[PDB]
Amino acid sequence: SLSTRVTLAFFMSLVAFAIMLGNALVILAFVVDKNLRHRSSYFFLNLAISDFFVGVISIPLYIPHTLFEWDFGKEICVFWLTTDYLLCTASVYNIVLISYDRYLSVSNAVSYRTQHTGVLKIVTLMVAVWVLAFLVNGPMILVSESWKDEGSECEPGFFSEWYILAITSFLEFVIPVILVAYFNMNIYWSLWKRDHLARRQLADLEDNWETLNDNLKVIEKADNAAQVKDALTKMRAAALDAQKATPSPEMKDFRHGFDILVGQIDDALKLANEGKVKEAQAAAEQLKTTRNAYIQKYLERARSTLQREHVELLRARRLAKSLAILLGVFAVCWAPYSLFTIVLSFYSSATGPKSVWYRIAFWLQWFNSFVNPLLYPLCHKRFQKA
Amino acid sequence: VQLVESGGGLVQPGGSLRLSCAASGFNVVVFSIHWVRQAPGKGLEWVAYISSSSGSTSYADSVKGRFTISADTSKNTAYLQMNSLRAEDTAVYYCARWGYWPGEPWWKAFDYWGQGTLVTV
Amino acid sequence: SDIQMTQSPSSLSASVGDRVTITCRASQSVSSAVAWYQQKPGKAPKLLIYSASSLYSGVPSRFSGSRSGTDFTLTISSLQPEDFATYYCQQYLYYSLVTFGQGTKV
Ligand SMILES: CN[C@@H]1CCN(c2cc(NCC3CC3)nc(N)n2)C1
Numbered sequence: 011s012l013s014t015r016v017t018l019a020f021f022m023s024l025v026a027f028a029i030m031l032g033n034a035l036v037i038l039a040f041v042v043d044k045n046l047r048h049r050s051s052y053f054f055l056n057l058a059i060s061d062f063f064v065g066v067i068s069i070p071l072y073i074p075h076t077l078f079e080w081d082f083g084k085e086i087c088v089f090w091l092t093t094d095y096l097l098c099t100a101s102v103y104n105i106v107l108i109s110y111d112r113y114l115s116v117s118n119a120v121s122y123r124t125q126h127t128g129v130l131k132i133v134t135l136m137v138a139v140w141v142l143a144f145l146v147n148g149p150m151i152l153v154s155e156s157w158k159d160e161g162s163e164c165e166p167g168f169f170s171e172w173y174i175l176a177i178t179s180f181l182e183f184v185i186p187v188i189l190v191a192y193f194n195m196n197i198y199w200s201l202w203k204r205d206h207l378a379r380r381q382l383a384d385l386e387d388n389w390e391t392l393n394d395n396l397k398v399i400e401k402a403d404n405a406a407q408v409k410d411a412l413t414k415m416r417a418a419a420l421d422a423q424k425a426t427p437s438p439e440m441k442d443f444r445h446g447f448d449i450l451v452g453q454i455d456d457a458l459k460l461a462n463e464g465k466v467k468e469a470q471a472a473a474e475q476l477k478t479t480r481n482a483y484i485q486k487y488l489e490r491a492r493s494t495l496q497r498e499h500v501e502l503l504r505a506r507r508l509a510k511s512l513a514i515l516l517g518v519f520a521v522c523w524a525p526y527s528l529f530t531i532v533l534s535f536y537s538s539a540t541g542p543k544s545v546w547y548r549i550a551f552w553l554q555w556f557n558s559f560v561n562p563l564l565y566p567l568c569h570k571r572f573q574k575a
Numbered sequence: 005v006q007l008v009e010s011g012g013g014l015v016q017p018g019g020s021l022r023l024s025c026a027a028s029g030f031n032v033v034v035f036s037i038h039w040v041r042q043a044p045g046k047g048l049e050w051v052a053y054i055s056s057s058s059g060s061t062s063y064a065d066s067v068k069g070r071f072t073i074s075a076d077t078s079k080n081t082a083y084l085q086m087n088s089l090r091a092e093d094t095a096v097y098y099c100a101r102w103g104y105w106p107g108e109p110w111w112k113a114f115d116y117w118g119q120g121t122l123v124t125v
Numbered sequence: 001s002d003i004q005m006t007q008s009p010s011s012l013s014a015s016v017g018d019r020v021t022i023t024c025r026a027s028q029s030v031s032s033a034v035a036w037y038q039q040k041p042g043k044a045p046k047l048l049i050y051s052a053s054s055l056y057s058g059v060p061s062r063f064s065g066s067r068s069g070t071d072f073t074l075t076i077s078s079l080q081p082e083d084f085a086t087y088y089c090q091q092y093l094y095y096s097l098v099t100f101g102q103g104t105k106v
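Protein chains in written order, with the entry's author numbering: chain R, 11 to 207, 378 to 427, 437 to 575; chain L, 5 to 125; chain H, 1 to 106.
Following this line, the structure appears as structure tokens:
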């Protein structure tokens, strides 16, 4: 109706104001608190900035186009479409950049985490990310939108041509999903291998320690039946198995301590092995001086290392789940558009792309950007507290 | 190095038999010597161990009580004497070298075996 | 007690140039203390695989081995006329704990 245009324009203005307020609050929480300015926040800022410009550009300029009468030129219309692609693809490309940074920080942690690269490239990536979207969306459709008819002006002219639509669909969405999944799988597999070797090696060390303690308990309660050799045989085996569990001077500290321990057990055994009448009352107590002084350091140190690997695994799992739910929301919002333009390309001359659901789809992509700052504080609750 | 044996011969049951193992260049104190017997057409069987250092001698389960092994560092040789033979010790005796615990000498044991000697009861 | 070394094969025959796998086990767990030896009629036993999976200088790479728990494996990928002899397993966990295996004829 005639009165519906004003109501829809007011609703669109309210939605744009809400999006702008959310993004401004996110930017303020970023710029005020200096704690969220590390590597874990440089590649996340554009996710709250680019889409922000959408609320300033896409939603308002759409009002004269639909609610009011079209009073803008074609150049203005193109620029709007241009902002729409640049700011849109920027989100998924920043997600890809975050995934690549995490892959470099986890897979190449032996060199990147130990020695961080210069920051002069960080911004060099960020802006490039934007221009990347341009190189994907800027020129191509510009060459293919050369149509004379003015029907569906700010609808892209490169439609109804299934080849470019199919190619772009893949580049904009499928290719990013691949890179993100590859990086996440590499990170998870590397961390599982780092923890599996640790879990097994620490379990083997604990089993050897438990066996050495059970044998030493019997050694302390020596029997008159010359049972020292039967208990020490097991003790020697335990020591030799725990000695070969490699976690340099630090390795020599560990190895030498074990060598001493094995030599102490070897001399303790001598009395029983010789068959000499005197076993010196099973004098292998001195092992307690070596058990709690030399080999205790690694028994405590390696345990802490396993704990470090586990927290890291939980943090990587949280980050992977966050990236996964972000990509899932993006896909759920983007798919209705891709399912209403490459399947309806068979007929587009008259009333083909003109329908309610297609307009709803256009809104849905904008909505992805509306909920983006709503689900952004879900990753870090600092914004919520501040 | 070759640990040659020169105690080949035939003895009567219960009589004393003397064997000799000689080092061919390696110090006997830095490397202990172990004896292993092999019955004709049977598996290898351990006999005894001698160390010129720490003076530790250990015998097997079935040969203890009638075997005496002694090593002189100056002679660089090891002598094994069988005080009593019960017709079950008829075998070929070899002497091989063993390494002490520190380092790779332990992990590599029983290398550079000797030709052997025939002991018939 | 005396740890017993059981060699699973006792007699085996294979064509020249085939895979031969010999298995040895011990009652009590041993850690890299089982070595493989080769004896020919009229010669002395020779060390080939020491430790658990490693070769001493003087033996070609064809001879190999592996360890898993208390199971030790001798793997000969390529047979040749020279390598036909009895193979013995030997545990050297201690000086007074030496126990040779049964022996496998190849
Ligand atoms: C702008 N609302 C929807 C949301 C998803 N969508 C795009 C736009 C684009 N370029 C912008 C230009 C309009 C064609 N490129 C890709 N890959 N998706 C437009």
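Ideal Cβ positions, reconstructed from N, Cα and C, are used throughout, including at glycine.
Cut-off 8 angstroms between Cβ atoms - residues of its own chain near residue i, not counting five sequence neighbours on either side
i        : result
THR94(L) : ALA43, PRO44, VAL123, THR124 and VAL125
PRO74(R) : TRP80, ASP81 and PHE82
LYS84(R) : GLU163
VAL66(R) : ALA26 and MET30
Close Cβ partners of residue i (< 6 angstroms) along its chain, the five nearest in sequence each way excluded
i              : result
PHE168(R)      : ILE151, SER154, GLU155 and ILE174
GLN423(R)      : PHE447
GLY103(H)      : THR86 and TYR88
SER66(H)       : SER53 and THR73
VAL64(R)       : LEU97 and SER558
residue 107(H) : Residue 107(H) lies beyond the range of chain H shown here (1 to 106); nothing can be said about it.
9 angstroms Cβ cutoff, residue i in contact with chain L
i         : result
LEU47(H)  : yes
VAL59(H)  : no
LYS401(R) : no
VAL98(H)  : yes
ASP421(R) : no
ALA85(H)  : no
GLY103(H) : yes
Interface flag, residue i vs chain R, CB-CB below 9 angstroms
i         : result
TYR95(H)  : yes
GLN4(H)   : no
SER32(H)  : yes
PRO106(L) : yes
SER29(H)  : yes
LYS68(L)  : yes
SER1(H)   : yes
CB contact below 9 angstroms: residue i versus chain H
i         : result
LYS570(R) : no
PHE30(L)  : no
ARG416(R) : yes
Contact set for residue i: own chain, Cβ-Cβ below 7 angstroms, skip 5 residues either direction
i         : result
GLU165(R) : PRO542
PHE144(R) : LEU96
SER179(R) : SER527 and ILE531
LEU14(L)  : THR124
Option in the options with minimal Cα separation from residue i
i              : options                                     : result
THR86(H)       : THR21(H), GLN28(H) and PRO45(H)             : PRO45(H)
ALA138(R)      : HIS445(R), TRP199(R), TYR72(R) and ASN56(R) : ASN56(R)
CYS87(R)       : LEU31(R), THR99(R) and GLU160(R)            : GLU160(R)
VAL5(L)        : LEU48(L), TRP39(L), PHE71(L) and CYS25(L)   : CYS25(L)
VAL106(H)      : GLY17(H), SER68(H) and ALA26(H)             : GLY17(H)
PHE63(H)       : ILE76(H), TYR56(H), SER54(H) and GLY69(H)   : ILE76(H)
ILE49(H)       : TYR37(H), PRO41(H) and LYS43(H)             : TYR37(H)
residue 436(R) : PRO427(R), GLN470(R) and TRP199(R)          : The model contains no atoms for residue 436(R), which sits in the stretch where chain R goes from 427 to 437 directly.
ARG101(L)      : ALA113(L), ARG22(L), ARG90(L) and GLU108(L) : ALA113(L)
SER170(R)      : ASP442(R), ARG571(R) and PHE535(R)          : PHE535(R)
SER11(R)       : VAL36(R), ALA39(R), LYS459(R) and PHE78(R)  : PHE78(R)
Do three or more CB pairs link the segment 83-103 of chain L to the segment 547-561 of chain R at distances below 8 angstroms? no
In chain order, which continuous runs of the alpha helix (DSSP H) of length 4 or greater are located wholly inside the segment 29-113 of chain R? 49-52 and 56-76
Restricting to runs no shorter than 4 residues, where is the alpha helix (DSSP H) found entirely within the segment 161-197 of chain R? 172-179
Any alpha helix (DSSP H) of 4 or more consecutive residues that is wholly inside the segment 464-501 of chain R: 476-480
The segment 4-20 of chain H in contact with the segment 68-85 of chain L per 3-pair CB rule at 8 angstroms: no
Below 8 angstroms, how does it come out for the segment 506-518 of chain R and the segment 392-409 of chain R: are there three or more Cβ pairs, yes or no? no
Taking contact to mean 3 or more Cβ pairs, one atom from each stretch, closer than 8 angstroms, check whether the segment 193-203 of chain R and the segment 501-513 of chain R are in contact. yes
Evaluate the contact criterion for the segment 20-37 of chain R versus the segment 523-540 of chain R: three or more CB pairs, one atom per stretch, below 8 angstroms. no
Cβ pair count under 8 angstroms reaching 3, the segment 96-111 of chain R against the segment 57-72 of chain R: yes
Kindly provide the ranges of any beta strand (DSSP E) runs that are 3 or more residues long and lie completely inside the segment 523-574 of chain R, ordered along the chain. none
Three-pair Cβ contact test at 8 angstroms for the segment 103-111 of chain L versus the segment 81-91 of chain L: no
For the 8 angstroms Cβ check, are there 3 or more pairs between the segment 179-193 of chain R and the segment 103-111 of chain R? yes
Identify every run of the beta strand (DSSP E) within the segment 33-79 of chain H, keeping only runs that are complete inside it and at least 3 residues long; order them along the chain. 34-39, 46-50, 63-68 and 71-76
Is the segment 41-51 of chain R touching the segment 562-574 of chain R, taking contact as three or more C-beta pairs under 8 angstroms? yes
I want to know whether the segment 472-489 of chain R touches the segment 387-400 of chain R - three or more CB-CB distances under 8 angstroms. yes
For the pair the segment 18-31 of chain H and the segment 91-101 of chain H, tell me if three or more CB-CB distances fall below 8 angstroms. yes
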